[PDB]
Amino acid sequence: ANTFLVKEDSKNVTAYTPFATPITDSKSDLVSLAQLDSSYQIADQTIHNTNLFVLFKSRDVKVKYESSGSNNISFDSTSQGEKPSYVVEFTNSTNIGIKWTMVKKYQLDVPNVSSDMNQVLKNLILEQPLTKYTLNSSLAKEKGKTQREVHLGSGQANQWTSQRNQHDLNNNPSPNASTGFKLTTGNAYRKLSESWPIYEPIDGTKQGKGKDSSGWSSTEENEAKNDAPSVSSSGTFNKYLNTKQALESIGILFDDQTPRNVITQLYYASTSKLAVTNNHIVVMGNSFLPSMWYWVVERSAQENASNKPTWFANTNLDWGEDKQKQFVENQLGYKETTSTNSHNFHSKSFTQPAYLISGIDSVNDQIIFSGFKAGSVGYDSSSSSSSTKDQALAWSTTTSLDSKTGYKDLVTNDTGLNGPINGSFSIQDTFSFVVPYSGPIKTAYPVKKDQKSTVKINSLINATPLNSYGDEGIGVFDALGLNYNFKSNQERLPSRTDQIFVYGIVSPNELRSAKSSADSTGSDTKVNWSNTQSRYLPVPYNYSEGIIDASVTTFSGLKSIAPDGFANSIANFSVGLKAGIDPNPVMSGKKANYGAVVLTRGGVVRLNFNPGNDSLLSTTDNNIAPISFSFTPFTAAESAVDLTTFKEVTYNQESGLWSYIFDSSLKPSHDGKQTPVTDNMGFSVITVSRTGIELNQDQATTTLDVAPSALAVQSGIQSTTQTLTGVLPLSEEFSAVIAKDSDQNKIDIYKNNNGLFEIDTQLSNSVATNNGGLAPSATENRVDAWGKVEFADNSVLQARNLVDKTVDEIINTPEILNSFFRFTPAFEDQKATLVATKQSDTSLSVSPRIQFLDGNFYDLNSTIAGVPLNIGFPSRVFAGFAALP
Ligand SMILES: [K+]
């Protein structure tokens, strides 16, 4: 309401005016007001139809996972552990100022676990989280057994061409195709009840213990602690990085120096973002850790009700085509009638179990989400004569070279559907990591028929959008998108399991099946979200250096030159999904346009919807890539932005521009080498605008065959020296920045000069000079924030023979009273008008109504939140007008 809510700290939210001044007594400790203890903090907030909705989470929360019995996931009741997250609706109880009062409180309870779910959860293993300091070599993992080794075994090599038909690998030209990566070295994989370490291997191909938590606690932890000690000492850092502070910064909870169990980290990370509709409150995880569930809270929920989350494993998405969904599901694990204790997500008929969510928003009563599919594959946990013992089962699903050029054809290509196929291929003198061809060429799951029942294939979840970490050449090409065909127009061959971006628009009824699925007793109930899609989105290949063509470049040897705050250049990331209604009007009879934008590594993604039926935007040609998704690359200025410092994203309906705010105080205190971080000062603002031909503009634009796009611009609003308080996007032409250059708040005004914001030092000084009041002062002789007003002398009446005219006439003739002053604007097109009041039968007084940086007009009677601004404009009485006509 011409007010800007600024989160001052973890508990307080203050209301600000367009003049970058706080409304007196508006500062509210929303934690105290929500009747929550001091361990709670604001995770997210949103306004919905005049009321504020706040998502709160506690630094004290402790969650337990017990493999035995029912109700497996539970808060640890002993001591201060049962501290669930809450969504609170607040209303403004006053008409003069801000007095927030609590309306509704919603508890976000732990998930229900069905019998089938617990069978997967008992041996579920999750990778340690990726930090700012995780290296490409840290993510690299030892290559697994080849296809020949798994199905045929140790004997000979030449018998492949003859024995492939018996193992259902008809015409497979890849006996030496990797079946996955080893879990005896590398990043730590921990059960829900176990804890991740503060140490990250420098070379995951040699250091780390993977899933061997016994070996970690018995011999390797001592080795990591002496090489990479926490600061107080000064260590070597030859084999490991100590990322404790970088973990604390991404929301990892600790007991002194020890991170709490995986299930607690998952819970606390999962209550990070909210979106509100007329009927629901939806809560999703952060873009740092994979989330396995989300909440759909019915706003009609009775006070003190435990609101249950819905599992992603039970939420079936539309991945574009059924083959795209088949690809993901087949690589989740081994599905066999004969299993015994071999339970995985594919085995128990579940779908994709986790995502790294970019964020959530709502346009109309629809929920919008995006995120990357978290890598999830099967692993062999059997112990003893097993070929794949302690090996994750992952493989490249990149399209073969012979595939037809056309989106549908490229993504439905059967290459790597059931098992491994890609690796290394040399056709005459030209090389490729991808098969050149697709009876038929068969693919089979990497488990041999003999050990069908005597194998234990359980489920793992990776920290990144990568399925396969195996230290080979295809992984780098799949991770960075360097697989192209050798055809006329060179087309990028997509993976269907690595770096898979996901998005959609979810209807109130789809949210209702989700709530029903959360509350389901006994067996699992499934939800179907049908207005969703997926897209292969690799990281830019130019965030890496010195890659080999036709010795290959692998993760363990890949040089990162990434400028966006990550030490790795292989794993994709997204942040700040924000929806926005387009202010540009559509042709009559059509519904107002809307879209959403999200930032990923190396560019901005634009999400397109059809407002007529709140569906994804589409085109009749299946060859054309779904026009619901557009990607636009960043230039060097936007790429330089540390994406891990993302503070908030706002949209302004008047301009149709998204403002992504980055705060450098969000950087961890210390390095992976325990060195203090010195560039923790400043902030940055990226502006996103729509580009391209938009739907329903005219009769030709009722159909689209080209995806509307967006453009991110590191638009000149930034500092390396100031501590940000907040950015106020006043208008397309101006933004106000409140920052501390010491301990005291200062106001800076940035002017948009043909697409580029630059500080206006004279405007900043004018707007900051408010004498402790709510608005900039209006000086008689100065061209300040309110321009400069010069009134005519009383002789103006006798000059233009207005003495014959009555006060009533003059007042009811706008063109006349604008000749009573001269207005000098402070900025171009700043307008002013005079407001007249009859003072007597022969005299009137005039007072200016002047436009501020926000484009609105202000006068003597202007208010913000019902509070009179008392700007202090001059008044002028003119006397000598006729009493009667
Ligand atoms: K002035």
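The rules behind the values
- Numbering of residues starts from 1 on every chain and follows the order in which that chain's sequence is written, so it may differ from the entry's own numbering; residues lacking coordinates are left out.
- With hydrogens and water excluded, all non-hydrogen atoms of the structure serve as input to the side-chain values.
- Helical segments are the DSSP runs of H or I of at least four residues, strand segments are the runs of E of at least two, and each set is numbered from the N terminus.
- For a compact globule the rule gives 2.2 Å times the number of residues to the power 0.38, and the radius of gyration it is set against comes from C-alpha atoms.
- Throughout, exposure labels follow a simple rule: accessible area from a 1.4 Å probe, protein chains only, divided by the maximum for the residue type, with under 20% read as buried, over 50% as exposed, and the rest as partly exposed.
- Using a 1.4 Å probe, the Shrake-Rupley method yields the accessible areas, and only the shown protein chains count as cover for residues.
- Only four residue types enter the tally: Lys and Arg on the positive side, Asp and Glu on the negative side; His and the chain ends are excluded.
- Charged groups are reduced to one reference atom each: NZ for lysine, CZ for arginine, CG for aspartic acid, CD for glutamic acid.
- Side-chain rings of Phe, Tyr and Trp (the six-membered ring for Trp) are treated as a pair once their centres are within 6.5 Å; stacked means planes under 30 degrees apart, edge-to-face means over 60, and tilted covers the remaining angles.
- We call a charge positioned above a ring when the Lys NZ or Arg CZ atom is no farther than 6 Å from the ring centre and deviates by at most 35 degrees from the ring normal.
- Because no water is among the atoms considered, metal sites can look incomplete, with donors defined as N, O and S atoms within 2.8 Å of the metal, or 3.2 Å for Na, K and Ca.
- A carboxyl oxygen of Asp or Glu within 4 Å of a side-chain nitrogen of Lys or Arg is what we treat as a salt bridge.
- Contact criterion: two residues are considered in contact whenever any of their non-hydrogen atoms come within 4.5 Å of each other.
- Each pair of strands is called paired provided DSSP finds at least two bridges between the two strands.
- Each nonpolar core is a collection of buried residues, namely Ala, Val, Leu, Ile, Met, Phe, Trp, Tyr and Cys, held together in the definition by side-chain atoms within 4.5 Å.
- Orientation is described by axes fitted as lines to C-alpha atoms, over the contacting stretch for helices, and by angles from 0 to 180 degrees between their N-to-C directions.
- In this document the domain limits rely on a domain assignment from an automatic tool or a database.
- Buried area, as used here, totals the accessible surface that two parts lose on assembly, with accessibility defined by a 1.4 Å probe and the loss added over both.
- We define a polar contact as two N or O atoms separated by no more than 3.5 Å, with the added condition that, inside protein, one atom must be a possible hydrogen donor and the other a possible acceptor, whereas residues neighbouring each other in sequence contribute only through side-chain atom pairs.
- Like-charged residues are merged into a patch within 9 Å and nonpolar side chains (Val, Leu, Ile, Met, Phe, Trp, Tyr) within 5 Å, provided each residue has over 30% relative accessible area and no salt bridge.

1. Some thoughts on the overall build of the protein chain
Helices and strands together make up the secondary structure of the protein chain, namely 17 helices and 56 strands. Relative to the compact-globule value of 29 Å for 885 residues, the protein chain shows a C-alpha radius of gyration of 31 Å, a close match. The principal-axis extent of the C-alpha atoms belonging to the protein chain is close to 115 × 65 × 55 Å. Each of the 885 residues in the protein chain was classed as buried or not, and the buried ones make up 59%. Approximately 34900 Å² of the protein chain is accessible, and the part contributed by carbon and sulfur atoms is 44%. Counting 73 positive and 88 negative side-chain charges, the protein chain places the centres of these two groups 6 Å from one another.

2. Examining the packing of aromatic side chains
The geometry of an aromatic ring pair is captured by two quantities: the separation of the ring centres and the angle between the planes. Summed over all chains, the structure comprises 38 aromatic pairs. For the pair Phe-19 and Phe-852, a centre-to-centre distance of 4.8 Å together with 55° between the ring planes defines the contact as tilted. The class of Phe-19 is buried, set by a relative accessible area of 0%. Residue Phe-852 is classed as buried on the basis of its relative accessible area of 1%. Each ring, one from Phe-345 and one from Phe-350, has its centre 6.0 Å from the other, and the planes form 75°; the classification is edge-to-face. No difference in accessibility class separates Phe-345 from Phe-350, as the two residues are buried. Taken together, the ring pairs connect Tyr-294, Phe-312, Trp-319, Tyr-355, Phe-369 and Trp-529 into an aromatic cluster. Stacked on the ring of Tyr-469, the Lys or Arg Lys-141 has its end atom at 3.4 Å from the ring centre.

3. A short note on the coordination of the potassium ion
The potassium ion binds to the protein through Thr-779 (O), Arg-782 (O), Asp-784 (OD), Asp-784 (OD) and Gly-787 (O); the donor distances cover 2.5 to 3.1 Å. Donor residues binding the potassium ion come from one chain and are separated in sequence as T-x2-R-x1-D-x2-G. Judged by relative accessible area, which is 41%, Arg-782 ranks as partly exposed. Relative accessible area serves as the criterion here: at 2%, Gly-787 is assigned to the buried category.

4. What about helix α8 (residues 262-270)?
Note: α-helices contain 3.6 residues per turn, so residues at a spacing of three or four share the same orientation. In terms of burial, α8 is largely enclosed, as nine of its nine residues are buried. For α8, the complete set of buried residues consists of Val-262, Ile-263, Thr-264, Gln-265, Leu-266, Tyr-267, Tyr-268, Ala-269 and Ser-270.

5. Observations concerning the pattern of salt bridges
With the rule as written, the count across this model stands at 27 salt bridges. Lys-325 is the salt-bridge partner of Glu-329, the closest N and O atoms lying 2.8 Å from each other. In this pair, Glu-329 and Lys-325 are both assigned in helix α9 (residues 322-330), four residues apart and thus about one turn of the helix distant. Taking the relative accessible area as the measure of exposure, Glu-329 reaches 17% and is therefore buried. Given the relative accessible area of 14%, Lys-325 is considered buried. Residues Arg-606 and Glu-694 are paired through a salt bridge, measuring 2.8 Å at the closest nitrogen-oxygen approach.

6. Quick word on the side chain of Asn-608
With respect to the secondary-structure elements, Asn-608 resides in strand β37 (residues 603-610). For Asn-608, the residues in contact, after removing those within four places along its chain, are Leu-616, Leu-617, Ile-627, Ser-628, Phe-629, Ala-707 and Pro-708.

7. Description of the pairing of strand β2 (residues 12-16)
Of all five residues that make up β2, five are buried, and the element is covered over most of its length. Burial along β2 is two-sided: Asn-12, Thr-14 and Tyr-16 facing one way and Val-13 and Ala-15 facing the other are all buried. Inspection of the sheet shows strand β1 (residues 4-7) paired to β2 by four bridges, in the antiparallel sense. What sits directly across from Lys-7, in β2, is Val-13. Of the pairings in the sheet, the one linking β2 to strand β3 (residues 28-29) comprises two bridges and is antiparallel in character. Directly across from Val-13, in β3, lies its bridge partner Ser-28.

8. Quick notes on the nonpolar core
Where a protein is soluble and globular, its nonpolar side chains tend to be buried together. Counting residues in hydrophobic clusters, the biggest one holds 64 residues, and the most contacted among them are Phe-56 and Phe-820. When neighbours within four sequence positions are excluded, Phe-820 is seen to be in contact with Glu-790, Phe-791, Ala-792, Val-796, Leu-797, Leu-802, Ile-810, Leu-834, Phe-878 and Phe-881. Listed in part, the 56 residues of the second largest apolar core include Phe-53, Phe-237, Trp-293 and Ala-374.

9. Notes on the sheet that holds strand β32 (residues 532-536)
Strand order across the open sheet formed by four strands is β23-β24-β30-β32, with antiparallel pairing between neighbours. Every other strand in the sheet has two partners, leaving β23 (355-363) and β32 as the edge strands with one partner each. When the angles between neighbouring strand axes are averaged without regard to direction, this sheet yields 15°. Bridge analysis of β23 against strand β24 (residues 366-373) gives eight bridges, and the strand direction is antiparallel. Note that in β24 the partner of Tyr-355 across the bridge is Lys-373.

10. Concerning the pairing of strand β8 (residues 85-92)
Buried residues dominate β8, accounting for six of its eight residues. Relative to β8, strand β5 (residues 51-58) runs antiparallel, the two being bridged by five bridges. Looking at β8, one finds that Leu-52 is bridged to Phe-90. Note: β8 against strand β9 (residues 100-108), eight bridges, orientation antiparallel. Following the sheet pairing, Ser-85 is matched in β9 by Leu-108.

11. Some thoughts on unusual backbone geometry
Positive phi, normally seen in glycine, also occurs at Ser-79, with a value near 65°. With respect to the element layout, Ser-79 can be found in the loop between β7 (73-75) and β8. Of note in this structure, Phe-237 is not a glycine but carries a positive phi near 65°. Note on placement: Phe-237 falls in the loop between α6 (213-227) and β14 (240-242).

12. Notes on the domain arrangement of the protein chain
For the protein chain, the assigned domains are domain 1 (114-207 + 283-295 + 310-355 + 364-572), domain 2 (573-718) and domain 3 (788-879). Taken over C-alpha atoms, the centre of domain 1 sits 27 Å from the centre of domain 2. Across the boundary between the two partners, domain 1 contributes 38 residues, which contact 38 residues of domain 2. For the pair domain 1 and domain 2, the summed buried area comes to about 3100 Å², and 63% of that belongs to carbon and sulfur atoms. Scanning the region where domain 1 abuts domain 2 turns up two salt bridges. In this structure, the salt-bridge partner of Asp-642 is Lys-132, at a minimum N-O distance of 2.7 Å. Across the domain 1-domain 2 interface, the total number found is 14 residue pairs in polar contact. Put simply, the parts of the chain that give the side of domain 1 that touches domain 2 at least two residues each are β24, α10 (407-411), β30 (500-506) and β32.

13. So, the side chain of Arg-496
Within the secondary structure layout, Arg-496 lies in the loop between α11 (473-480) and β30. One buried charge, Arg-496, has no salt-bridge partner; the nearest side chain with opposite charge is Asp-414, at 7.0 Å. At 2.8 Å, the side chain of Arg-496 and the backbone oxygen of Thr-397 are in polar contact. A polar contact of 2.9 Å, which involves the side chain of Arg-496, links it to the backbone oxygen of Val-411. The residues touching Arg-496, leaving out its near neighbours within four places in the chain, are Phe-327, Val-328, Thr-397, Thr-398, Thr-399, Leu-410, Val-411, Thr-412, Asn-413 and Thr-415.

14. Looking at a nonpolar patch on the surface
On the surface, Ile-427, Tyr-437 and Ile-441 cluster together to form a nonpolar patch covering roughly 260 Å² of accessible area. Mapping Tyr-437 onto the fold places it in the loop between β28 (430-432) and β29 (457-461). Looking at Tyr-437, the relative accessible area reads 51%, which means it is exposed.

15. Looking at the sheet that holds strand β25 (residues 376-380)
Sheet strands associate in pairs through backbone hydrogen bonding, adopting either a parallel or an antiparallel arrangement. Read from one edge of the open sheet, six strands run β11-β26-β25-β29-β10-β12, paired in mixed fashion. Because the sheet does not close on itself, it has two edges, and the strands there are β11 (180-182) and β12 (189-191). Between one strand axis and the next, the sheet turns by 35° as a mean value, whatever way the strands run. Direction of pairing for strand β10 (residues 125-127) relative to β12: antiparallel, over a ladder of three bridges. In the strand pairing of β12, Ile-125 is matched with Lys-191.

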